[PDB]
Structures are given as C-alpha cells and as structure tokens.
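First comes the structure, then the notes that go with it.
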Amino acid sequence: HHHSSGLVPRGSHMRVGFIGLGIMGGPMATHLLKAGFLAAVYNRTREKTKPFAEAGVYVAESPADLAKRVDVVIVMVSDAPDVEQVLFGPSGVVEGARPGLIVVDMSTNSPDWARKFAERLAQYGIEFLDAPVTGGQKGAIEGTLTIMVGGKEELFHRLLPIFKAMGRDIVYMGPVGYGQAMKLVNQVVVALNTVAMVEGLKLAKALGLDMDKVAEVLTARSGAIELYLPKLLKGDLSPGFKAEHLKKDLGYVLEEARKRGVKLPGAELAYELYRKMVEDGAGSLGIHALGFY
Ligand SMILES: NC(=O)c1ccc[n+]([C@@H]2O[C@H](COP(=O)([O-])OP(=O)(O)OC[C@H]3O[C@@H](n4cnc5c(N)ncnc54)[C@H](OP(=O)(O)O)[C@@H]3O)[C@@H](O)[C@H]2O)c1
C-alpha cells in the first residue's frame, strides 16, 4: 500500500524515521526535526514519543510501520540484540521497508555486528551504514557529536546533511564496520579516562583536598572530567552514559582484542569494574558513578 504525505516530502528522498528515543536518541531526533528531516519515530515505550507527536511527528506502531513511510531509518537503541529486534523481529524494519531504504545504526556494538546487519539487510535490498557517535548526552543536546561512519562512501556523502543536523565533525572511516571499529577504540579511551577520574577523586577525597581546587587543577584534563566531574561532585549519579552500556562496549572491545591477538589489560580491568557495577545493581547509573555508587 502507498501512504499519505508526512512532515517531509517524498521527493526529497531524505525522509527519516528514528527508532530509540533515549538519552541520545531524543535530542538527536529533535535536531533532525529542527532541520526538517524527521518524519516518524518509534519507541518501545510510547510515552517518550509524546513530545514528537505534539510537534506533528508520526508515531509508528512498529519498526515495520515506520520503515514503510521513510527513506532512512536511524537506530539508536542500546545493544546489538536490540538492533536485531528492531530490524529483524516479526514487525521489524525488514517487514516494512522497500528496497533502497537505508538503515543507519548510530548505536554502539561492533564491527562484526555491523557486517552481520548489513549482510542480512542486503538480502532485502536495504542499504546500511554504521555511524556511532561520541560526545555524550551533552553533545547530542548541543548537536556537536562526532560521528564516525562505515559503509558505502557514496551513502556517507548522500546522508551528510542528516549527519550535520546531529553532529559537527562527521568522519568517514571505511567500509561497513569501520565506524564501530573507531567507536570501540574510542570506548577504550573513554572507559580508562573515566576510571582515571574516579580514582583521582577517591584519592582527593581521602586526603581531604578542597574539591573546588581539585576540579580547577584537573580540569590530567579529559572528556570524562569535562562532561561528568561537575555531576559527580554534586553527587548526581544519573546518566549521562549508563554503566551497563559501557560494560557492553568493553565486552565488544575485548572480543575484538582477542580476535586480533592484542592484550588490553586496562580495558580488561575496566570491563571487570563495570561488570561488578552492573551486578551490584548500578547498571543504570552513569559511568562516572563507578567507585561512588
Ligand atoms: N549516553 C551516552 O553518552 C552515549 C554516547 C555515545 C553513544 N551511546 C550509545 O548510544 C546507544 C543509545 O544510548 P542511550 O544513552 O540513548 O541509551 P538509553 O538512554 O538507555 O536509551 C536506550 C534506547 O533504546 C531503546 N531500546 C533498548 N532496547 C530496545 C529494544 N529491544 N527494542 C526497542 N527499543 C529499545 C530504549 O527504549 P525505551 O525508551 O522503551 O527504554 C531507549 O529508547 C547505546 O548503544 C549507547 O552505548 C551513548
């Protein structure tokens, strides 16, 4: 069946449907709406779609119902199994998409997962990019994300106006999976920079240092410090970036390391620390709460 017009003209071939309105996906999709690309959203929990519906965005009943109405599906759900559900479940994207639709997975998983998604989608005539991001919740909100992309370079170029609505530095990394590859390098760094900050703070507190001055001196400076030290000092342990998601990222890091015969003892330790945090019931706190939960 064909369908009625929506927010974005069909002849643009740039109608976007966005799946996963979380800490990242809400602000990202809002930036796409402000830029005139957002036609539709889907979220597993319907309440989060409310602010979109109040701006006229179509609220889909399933990923399939979203896919049949758009040219580009952006996915920003938690983990690779969640991407599998939204793409390939009973009412997943593949049940609604027409050939030539592009899926862009902006969530974090792995090169191997990116390649599997692309392979499976190509059987339906659906294109794929892996385009994970860095910059945190604050970057999402500000529209300044760094976006690292794998897949056909021609599709990277075609979608650059969409990426520029959400981010600032848009980097083409190579074939399918090279965006996830970059993102997993990035997550090694983020994890250990976060452990750095937390251990520094634990030592500073034990020594009874003036936190104002600690923050001044450390702002040693890193991403984690700039994004999360103010929250941490106020005891705001909310994400931010959930500990369970970093655990997940570090699992893929260590799988890739093992596949390639590289030893990453720091990443192994980080994985252990974040694994304990999830076991202890703090998986939904931000990563900056490590050591403090
Ligand atoms: N937060 C950060 O700083 C940050 C930065 C860069 C990249 N990332 C990555 O971006 C991705 C999203 O992160 P986030 O911080 O936005 O996570 P989040 O706040 O936990 O949101 C997760 C989103 O995924 C949806 N979801 C999860 N499982 C699903 C399933 N099986 N089916 C359908 N929807 C599902 C959730 O739906 P509900 O609303 O129903 O729960 C929610 O919309 C993750 O891969 C994360 O690692 C995060």
Side-chain angles (χ1 to χ4, degrees), residues 17-31 41-52 59-67 73-93 103-110 113-114 117 130-149 163 166-169 179-180 182-191 193-194 223-224 226-228 231 237-253 274 278 282-289:
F18 201 108
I19 299 176
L21 304 175
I23 284 166
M24 298 296 288
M28 292 163 74
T30 301
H31 275 101
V41 291
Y42 175 82
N43 196 66
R44 167 184 70 166
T45 297
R46 177 260 274 210
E47 31 266 60
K48 304 196 189 167
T49 72
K50 263 267 250 157
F52 296 93
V59 180
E61 295 291 345
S62 66
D65 180 45
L66 175 139
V73 174
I74 294 177
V75 172
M76 197 56 169
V77 299
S78 299
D79 192 13
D82 309 304
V83 178
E84 291 180 291
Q85 180 180 25
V86 306
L87 296 183
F88 310 115
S91 299
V93 167
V103 167
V104 182
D105 178 13
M106 303 188 75
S107 73
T108 301
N109 47 67
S110 73
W113 276 120
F117 301 151
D130 45 304
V133 311
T134 189
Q137 176 179 30
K138 176 175 191 281
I141 290 171
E142 294 193 0
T144 60
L145 294 171
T146 301
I147 303 182
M148 56 217 84
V149 185
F163 292 130
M166 297 175 289
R168 180 184 197 240
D169 196 13
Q180 299 297 340
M182 188 67 240
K183 180 62 171 168
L184 288 189
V185 166
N186 185 269
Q187 296 311 91
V188 170
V189 182
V190 166
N193 285 177
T194 304
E226 192 170 0
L227 291 180
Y228 303 130
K231 278 164 71 148
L237 310 183
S238 63
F241 180 38
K242 288 172 186 177
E244 62 165 338
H245 297 338
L246 184 57
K247 188 277 201 179
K248 172 268 288 180
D249 291 354
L250 288 165
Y252 296 129
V253 165
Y274 283 100
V278 172
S284 292
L285 300 184
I287 55 166
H288 61 288

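Whatever order the structure lists them in is the order used to number ligands and atoms, beginning at 1. Note that the numbering runs from 1 along the sequence shown for the chain. Values below: all heavy atoms of this structure, side chains included; hydrogens, waters and symmetry mates excluded.
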Around atom 43 (O) of ligand 1, find the nearest protein heavy atom and jot down its residue, atom name and distance. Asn43 OD1, 2.8 Å
Just wondering, do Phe241 and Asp249 contact through their side chains at under 4.5 Å, heavy atoms? yes
What about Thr108: any of its N or O atoms under 3.5 Å from an N or O on ligand 1? yes
Under 30°, 30 to 60°, or over 60°: which ring-plane class applies to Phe117 and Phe88, parallel, tilted or perpendicular? tilted
What verdict does the salt bridge (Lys or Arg N to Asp or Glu O under 4.0 Å) test give for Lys248 and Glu244, after you've listed the backbone C-alpha separation in whole Å, the side-chain angles of each residue and the deciding distance to 0.1 Å? CA-CA 6 Å; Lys248 172 268 288 180; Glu244 62 165 338; over 6 Å; no
Do the side chains of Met106 and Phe163 get nearer than 4.5 Å, heavy atoms only? yes
Does ligand 1 come near enough to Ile23 that some N or O of the ligand is less than 3.5 Å from an N or O of the residue? yes
Starting from atom 34 (N) of ligand 1, which protein heavy atom do you reach first, and at what distance in Å? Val77 CG1, 3.5 Å
Does any N or O atom in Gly20 lie less than 3.5 angstrom from one in ligand 1, N or O only? no
Using a 4.0 Å heavy-atom cut-off, which part of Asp79 comes near ligand 1: side chain, backbone, both, or neither? neither
Kindly confirm or rule out an N or O of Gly136 lying under 3.5 angstrom from an N or O of ligand 1. no
Determine, considering heavy atoms only, which of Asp82, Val86, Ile287 sits nearest to atom 33 (C) of ligand 1. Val86
Non-hydrogen side-chain atoms of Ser110 and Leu184 separated by less than 4.5 Å: yes
Does ligand 1 come near enough to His245 that some N or O of the ligand is less than 3.5 Å from an N or O of the residue? yes
Do any heavy atoms of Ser78 fall under 4.0 Å from ligand 1? yes
Quick check: does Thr134 get an N/O under 3.5 Å from an N/O on ligand 1? no
Check whether any side-chain heavy atom of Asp79 lies under 4.5 Å from a side-chain heavy atom of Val83, and answer yes or no. no
